[PDB]
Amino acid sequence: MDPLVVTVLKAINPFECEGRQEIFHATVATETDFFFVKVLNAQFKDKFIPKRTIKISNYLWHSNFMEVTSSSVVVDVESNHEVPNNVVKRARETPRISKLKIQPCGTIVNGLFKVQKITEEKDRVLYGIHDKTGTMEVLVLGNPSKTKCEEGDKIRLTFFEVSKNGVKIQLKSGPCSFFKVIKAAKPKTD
C-alpha cells in the first residue's frame, strides 16, 4: 500500500518481453524479508542497483510479487536500513523442490536447477529437474529452444511460476519469464 523503503539485492538488465513491454526483474528486501519485483517501467533501471536504498510508491502487490509501473514512483533515498545476512541469503538462494511443491500457483520462482530429462516438442519443452528433495517438471512454452540443453546441464530460471496441471505441480514459463541454459563444462584436450 503506502510507500515502502527497500534495499536492492539483485537486478538484471532489461530485456524485451511481451503488449510488447520492455521490462526487468529485481530482488529487494526490507529489514524483515525479501520479495521479487517486476518493473514494467524500464526507465527505472538506473535506480535499481544492488545495495542502493529506494522508496517505492503507487505499486501493485499481488499474491506473490510486487509490480512497479510507469505510474509508480521510485525515488533513491538515504536510509539506515540494513538487511540481515540470512534475509539476503534466502533472497538469493534457489528453493528446494519439496518446498516448491507446497506453494500457490503464480508464486514467483527464480533459481538454478539440475536437469535430468528433456521432453521435446515444437510448441513446448518439459524439463525434468531434480535435487535431493524430489523431482519436478519445468514447462517452457514455445521454443526449439535455441538454448539446447543436454542431460547434466542446468537451467537458470527467472520469474517462472509454480503451476498446477491437474495431477502434478510444475514450474511454468510465463510471457515475461527469462530462461537460460547453463551447460556443464566439456572436458578438454590439453
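Residue numbers run from 1 along the displayed sequence.
The entry shows a gap from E18 to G19, with 1 to 3 unmodelled residues of the deposited sequence in between.
For the two regions 47-55 and 139-147, the entry's Cα B-factors average higher over 139-147. The deposited model assigns a higher average Cα B-factor to 59-67 than to the other stretch when 149-157 and 59-67 are compared.
Set against one another, the Cα B-factors of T32, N41, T27, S163 in the record reach their highest point at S163. In the deposited entry, the Cα temperature factor of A185 sits in the top third of values across the chain's modelled residues. Sorting the modelled residues of the chain by their CA temperature factor places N13 in the highest third.
The PDB entry assigns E78 a C-alpha temperature factor belonging to the highest third of its chain's modelled residues. When the modelled residues of the chain are ordered by C-alpha B-factor, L4 sits in the middle third. In the PDB entry, a CA B factor belonging to the lowest third of its chain's modelled residues is recorded for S98.
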